[PDB]
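In order, the protein sequence lines correspond to chains 1d, 1K, 1O, 1J, 1e, 1N, 1b, 1c and 1h.
Quick note on numbering: the first sequence equals residues -1, 2 to 120 in the entry's author numbering.
Heads up: the second sequence at position 22 corresponds to 22 in the entry's author numbering, and the numbers run straight through without jumps.
Heads up: the third sequence at position 170 corresponds to 170 in the entry's author numbering, and the numbers run straight through without jumps.
Heads up: the fourth sequence at position 63 corresponds to 63 in the entry's author numbering, and the numbers run straight through without jumps.
Heads up: the fifth sequence at position 32 corresponds to 32 in the entry's author numbering, and the numbers run straight through without jumps.
Heads up: the sixth sequence at position 51 corresponds to 51 in the entry's author numbering, and the numbers run straight through without jumps.
Heads up: the seventh sequence at position 54 corresponds to 54 in the entry's author numbering, and the numbers run straight through without jumps.
Heads up: the eighth sequence at position 22 corresponds to 22 in the entry's author numbering, and the numbers run straight through without jumps.
If you count the ninth sequence from 1, you need to add 80 to reach the entry's author numbering.
Inspection log for the structure reproduced underneath, given as structure tokens.
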Amino acid sequence: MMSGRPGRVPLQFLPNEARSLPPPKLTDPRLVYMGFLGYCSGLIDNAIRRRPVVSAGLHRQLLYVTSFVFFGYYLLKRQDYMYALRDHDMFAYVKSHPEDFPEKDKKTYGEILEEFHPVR
Amino acid sequence: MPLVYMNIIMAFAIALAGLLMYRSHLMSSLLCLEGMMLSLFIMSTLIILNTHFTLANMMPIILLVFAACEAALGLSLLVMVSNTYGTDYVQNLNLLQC
Amino acid sequence: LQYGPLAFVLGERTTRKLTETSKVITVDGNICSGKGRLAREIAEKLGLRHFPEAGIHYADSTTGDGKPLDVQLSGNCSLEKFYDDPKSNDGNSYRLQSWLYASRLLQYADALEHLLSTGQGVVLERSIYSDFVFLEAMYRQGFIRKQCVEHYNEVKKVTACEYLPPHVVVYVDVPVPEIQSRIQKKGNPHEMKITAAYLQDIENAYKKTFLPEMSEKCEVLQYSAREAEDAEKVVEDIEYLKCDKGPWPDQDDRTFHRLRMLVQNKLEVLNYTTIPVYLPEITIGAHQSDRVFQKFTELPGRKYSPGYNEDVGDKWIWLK
Amino acid sequence: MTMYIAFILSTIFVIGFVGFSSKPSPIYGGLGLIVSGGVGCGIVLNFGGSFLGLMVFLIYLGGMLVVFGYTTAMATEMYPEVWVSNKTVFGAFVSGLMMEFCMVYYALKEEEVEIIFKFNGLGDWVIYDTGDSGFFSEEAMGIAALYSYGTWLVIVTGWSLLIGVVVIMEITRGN
Amino acid sequence: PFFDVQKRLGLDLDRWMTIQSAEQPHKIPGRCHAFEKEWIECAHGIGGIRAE
Amino acid sequence: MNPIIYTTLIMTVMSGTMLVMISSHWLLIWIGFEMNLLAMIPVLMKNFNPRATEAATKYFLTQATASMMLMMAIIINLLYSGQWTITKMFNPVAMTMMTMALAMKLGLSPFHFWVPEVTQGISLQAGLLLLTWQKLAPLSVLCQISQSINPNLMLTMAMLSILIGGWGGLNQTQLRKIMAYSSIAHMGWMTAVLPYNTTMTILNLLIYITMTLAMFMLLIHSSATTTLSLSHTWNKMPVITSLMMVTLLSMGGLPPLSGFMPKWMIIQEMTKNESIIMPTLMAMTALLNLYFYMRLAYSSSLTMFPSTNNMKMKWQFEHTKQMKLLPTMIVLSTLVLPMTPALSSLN
Amino acid sequence: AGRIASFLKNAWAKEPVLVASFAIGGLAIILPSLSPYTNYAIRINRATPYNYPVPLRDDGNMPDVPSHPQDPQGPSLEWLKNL
Amino acid sequence: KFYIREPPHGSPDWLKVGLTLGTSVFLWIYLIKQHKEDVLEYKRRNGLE
Amino acid sequence: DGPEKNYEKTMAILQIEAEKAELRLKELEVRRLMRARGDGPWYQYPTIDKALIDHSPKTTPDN
Ligand SMILES: CCCCCCCCCCCCCCCCCC(=O)OC[C@H](COP(=O)(O)OCCN)OC(=O)CCCCCCCCCCCCCCCCC
Ligand SMILES: Nc1nc2c(ncn2[C@@H]2O[C@H](COP(=O)(O)OP(=O)(O)OP(=O)(O)O)[C@@H](O)[C@H]2O)c(=O)[nH]1
């Protein structure tokens, strides 16, 4: 869309000014979903290999959950960064082109007609 | 756009048609497959020489060079067809009907 | 690990292990023609890993305890049943052969894997190339039908193509009156019920087709049963030859990586043995197949992957 | 024609191009494009690409098609094609003369040939410049820069050719 | 490009011969060096949309 | 073939495809395309069967023609611009000429004829590379030059892809062929939104890769090529066909199974661009994809099919293939829908 | 030691062209690194004036640049005249 | 023991599993560490805490 | 709990979405206005940088 913004050094997963945002908390509902997906991978892995899925090795599943939790948190910051960026430059633009977005005057519903359509 | 450029441009257009409009023998397409890049090579040299784009004299050689690997790839596949059917005829090139 | 790419990359070859005592021996013959004993004699004389003749429960004697399983649970066919009833409706005749061909085919894969991992020759009885003589002979008297043959040889071409032919074949020649008189001496009540017609068909199929069809793939070492008794004679000229015929004395480590890829994957060697050709004698509907498979599941060991069965006693499931 | 010598060079380039693209026998098709390959060199030679003109002779003309004509030798159809064998190839050939002689005549006219692109088919001699090259040859200096400026170009070309030799042997050994 | 790895590392991979007004062997000028320089300087950090 | 050269032959295919997306020069764009093609052919010819040779010839003839056609998309561009930079095309004739070149390399409009036939000829492992990795490179170029692309020309390529892609799968029995036809239909989906917002094309590409990976290794694990061969797989490995059903439905696009995520985003993007007929027909014909999708699901696990006696052999032995990254691929390709707003990461 | 010397011995005994070819490429790649003349080679390869030595606006503050070819300051290549 | 041959997974591969916990414990300790100063840096970058 | 809980919580619910609704429409119209003009941060398609030109004198006086 983003791609081509000023100061957009490529192949960067987290530019420095992105750290000026509130980092996601470890109990983030989005983050815990990342952990849930990792756990579901552990069950599939044992099911694929014909193993006792519920407790077929606590090492394989532990890596599955941790890896997904890890990759989620970094993805969340970049997620949080871009959305913050998307709204940020808008506010700079919205004050940079005042004439394009003129505030329409406010008239209460005591004036506006709505030509009520009866139902029968 | 000068006439010489037009002549090469149409030269490919018949070459593109020549390769696309196919014939029984698969050899002839392979001649026309790399024939079409010869016009590409020829005209490419024309612009760079005309425009004095000294560094872009890079392209005419390397363009042909990888076109050669394709031709080298070309008949190498062709001999396998000839080693399985006897002739490179493309109407028998339909074993993948199903 | 096994020949998996990493092992090949680190320099592990297979021609390095191969020696002069690296050949496939098919010591065949006739029905109970004494070839089984000759198999052991040849094996122990030149130190080849002997493989007992493939049967119905051979695959059962490969996995787990290496012990025979229930006929219903493994094979569903019975050679004794075919021996007693020649032409039944349950389809034991053809289903016995096709399961037999698969069991021999698995035996061939185990034989090649041992040879390709040790460089030591292997001797086998009734190689999978021989198998077609029985089935066609069973068709001669009517044990199976025309439509039966189409499934078997279809499996034959799609499977036996990649496996290399043997190097040595020992046809123990025993004539028909001797066999038709010796089967009384065995005494096992199932094999008395053998028709001379079924016998007469198996030998003529052997000499006329089994030896010639693969003669160009390896030399024919014809041996009368009299020659079979003198194991000292047959052991000289197996060494007196080279077996230049066939493609085996041409292969290199390039093909050997492919060969040990397939034989190591036991599922791959017989993945094509289950061709979806819906022949009535082998097609099992969902209801019977589901119940039988469910019976296979809660059997010991088979519940999980090998080494992952707590019922047997595999501790550390929570870690392994 | 002296003024439009390259135009004659260019026109000969396409007529041979049409002849072999008309799917004749591969030996005959070889003839159709090698003369096209040779005449196209004159076009580049006439512009000043001395090396590029002479080099296409050595790797394309004396290169590509020698092994190509080698392959048709082992193809050896018992019924080798001649242009009279089928009327389709003659139909293409008389066609290839048709539209070519058509719009060059229209080019000889008011010179607003506008098929696909917009072409002004004036004498080709106009497009050149009036700038001398001093001592350095423009074409020679450009190609010689392969080992000074063509850092990435040479690496991928060398790497692919090494891949080229291994793939050729890998697909011809037939497992 | 899709992943401008050259920009990240700073290594010149194909920018040398991408246009005709860059560094040239023995300072041989292109035919339209003056016009290309004027055009390329007009559109720098302007964006392809409005710079058209 | 020998693994070490088999490793590096595939490895260059990544290298060639890598070069396409990391070079700003038009010549280098072609450079990676045909290094990619050079190393693709032997992998097609790995099995060395007459069908494998048959598949390689069609793929090479198609790919070689497009790339030489790609050069003259560059050449006219150079002829009218003098720029080798990968940005806005400056010539309308070259621009369409380029789009047909790349479309054939991707096979969406009737350029798609090779996609089913080539897929069937090659092995399942080679089929994985053809429909998953050797598809980023043409899409990489389209993403860079998307702004310039002709809207009518590109969208027309898109609908003809999904329409044919929908219809073609309804009559194929081979698992590989229906896989290829569905791949064509998905390819129409990504390129449809391509002129509008490239982020959604990449999201569609990233998502579509997941099932196509997941489905292929599942088939390789099943070692099945035809529908009847897939039918038997329930008996030996009832679990594997069960996961195949789940990912099969996810490919169909039924919420909440992730896979409806790309289709959802495409419809919303096109609607924002006032184009509302485009999505409806696009979504309506996606049902055509779903038919032979469910049809595979009907014969896979939903209704147990007749088995064979020899299948009793297979129960005794365990699988030896390693199918790496399969468990993650299945999970990431069916339940990632609640994480849809991760779209901003791709921006 | 033993294997290396023996390997070279039979390599030259049986494949003399291979040893000669491999040796020649062996030198051809290393001496230029230690060659002291290559620094002279680049200097003379640059001291060959192809294009005009274009002048510069003499507005003061550049004293090093000479005002005449026969002036002392500036690049003198008498080393090459003796090389 | 049921199986005639030791299966490739029928034993605790101590080196492999010990690596697996080693991967996870290093992973979590990095994760709890990274969240710490990232939060702390955000506190002071905007002047909150 | 009290109806005040539902009243004020819905009161907050409606404010949050109305703020969301206003931005969604604003984002759509800015994006349209931005794509056509492009005189802003995003939607800036690449152009060749100045740095890659040669300001040194050439062989031909003019250039
Ligand atoms: C979105 C809508 C839904 C989409 C998905 C729908 C999926 C199903 C759709 C129908 C599928 C086709 C029809 C049925 C096919 C059945 C396939 C099969 O293989 O069935 C038989 C098989 C026998 O079981 P078996 O493989 O031996 O494994 C036993 C457990 N080890 O059975 C199996 O293999 C199944 C094994 C399941 C094991 C489940 C283990 C769950 C463990 C949960 C732990 C929870 C812990 C909670 C902790 C809370 C506190 C933190
Ligand atoms: N249908 C069928 N039965 C086979 C095949 N090979 C072996 N058999 C059966 O295997 C059983 C044992 O073989 P016999 O020759 O009778 O006995 P044996 O104990 O092996 O004796 P030797 O042959 O002397 O080793 C017989 O019932 C054979 O019919 C085959 O390919 N098909």
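Note that CB positions come from ideal geometry on N, CA and C, so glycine has one too.
Looking only at its own chain, which residues have a Cβ that is under 8 Å from the Cβ of residue i, when we skip the five neighbours before and after it?
i                 : result
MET215 (chain 1N) : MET179, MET244, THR247, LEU248, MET251
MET1 (chain 1J)   : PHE7, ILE8
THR118 (chain 1O) : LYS17, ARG49
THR225 (chain 1N) : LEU124, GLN174, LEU175, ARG176, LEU219
Taking only three categories from DSSP, how would you classify residue i?
i                 : result
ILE48 (chain 1d)  : helix
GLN97 (chain 1K)  : coil
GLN174 (chain 1N) : strand
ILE25 (chain 1O)  : strand
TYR89 (chain 1K)  : coil
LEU287 (chain 1N) : helix
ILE56 (chain 1O)  : coil
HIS88 (chain 1d)  : helix
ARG49 (chain 1O)  : strand
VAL65 (chain 1b)  : coil
Using a Cβ-Cβ cutoff of less than 6 Å, which residues in the same chain neighbour residue i once the five nearest sequence positions on both sides are dropped?
i                 : result
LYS233 (chain 1O) : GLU227
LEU96 (chain 1O)  : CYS77, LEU79, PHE82
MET278 (chain 1N) : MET270
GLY107 (chain 1N) : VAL115
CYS148 (chain 1O) : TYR94
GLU107 (chain 1h) : none
I'd like the list of long-range same chain contacts for residue i, defined as Cβ closer than 7 Å, with 5 residues on each side in sequence excluded.
i                      : result
residue 354 (chain 1N) : Look at the range of chain 1N in this structure, 1 to 347, and you will see that residue 354 (chain 1N) is not part of it.
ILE317 (chain 1O)      : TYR308, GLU310
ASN47 (chain 1N)       : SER123
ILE34 (chain 1J)       : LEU61, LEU65
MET217 (chain 1N)      : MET323, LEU326
Between the region 153 to 167 of chain 1J and the region 77 to 92 of chain 1K, do three or more beta carbon pairs fall short of 8 Å? no
Where are the alpha helix (DSSP H) runs, 4 residues long or more, that stay fully inside the region 189 to 223 of chain 1N, in chain order? 198 to 222
Quick one: which residues of the region 4 to 23 of chain 1J get their C-beta closer than 9 Å to a C-beta of chain 1K? List them in chain order. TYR4, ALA6, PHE7, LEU9, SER10, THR11, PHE13, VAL14, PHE17, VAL18, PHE20, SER21, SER22, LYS23
Can you give, in chain order, each stretch of the alpha helix (DSSP H) that sits fully within the region 9 to 85 of chain 1J and has at least 4 residues? 26 to 47, 50 to 56, 65 to 75
Against chain 1J: residues of the region 109 to 140 of chain 1h by CB proximity under 7 Å: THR139, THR140
Could you tell me which uninterrupted alpha helix (DSSP H) segments, each at least 4 residues in length, are contained entirely in the region 18 to 72 of chain 1K, listed from first to last along the chain? 26 to 51
For the region 66 to 83 of chain 1d and the region 1 to 13 of chain 1b, state whether three or more C-beta atom pairs, one from each stretch, are separated by less than 8 Å. no
Using 8 Å as the cut-off, can you tell me whether the region 189 to 198 of chain 1N makes contact with the region 140 to 155 of chain 1N, which would need three or more C-beta pairs spanning the two stretches below that distance? yes
Which residues of the region 59 to 74 of chain 1K have a Cβ closer than 8 Å to any Cβ of chain 1J? Give them in chain order. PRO60, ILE61, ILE62, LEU64, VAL65, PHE66, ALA68, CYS69, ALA71, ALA72, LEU73
Using a beta-carbon distance cut-off of less than 8 Å, what residues from the region 51 to 76 of chain 1d approach chain 1O? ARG51, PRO52, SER55, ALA56, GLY57, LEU58, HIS59
Three or more C-beta pairs under 8 Å: does that hold for the region 295 to 308 of chain 1O against the region 327 to 345 of chain 1N? no
The region 94 to 108 of chain 1O touching the region 124 to 135 of chain 1O, judged by at least three CB pairs closer than 8 Å: yes
Contacting positions in the region 262 to 292 of chain 1N - beta carbon closer than 8 Å to chain 1d: none
Residues, ordered as in the chain, of the region 75 to 90 of chain 1d that lie near chain 1O by beta-carbon distance below 9 Å: none
Counting beta carbon pairs with one atom in the region 52 to 65 of chain 1O and one in the region 259 to 274 of chain 1N, are three or more of them shorter than 8 Å? no
Would you check if the region 137 to 153 of chain 1J and the region 38 to 55 of chain 1J touch, i.e. whether three or more CB-CB distances between them fall below 8 Å? yes
Interface positions of the region 83 to 96 of chain 1K facing chain 1J (Cβ-Cβ less than 9 Å), listed along the chain: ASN83, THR87, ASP88
Near-chain 1h residues of the region 42 to 74 of chain 1b - C-beta to any C-beta below 8 Å: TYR50, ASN51, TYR52, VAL54
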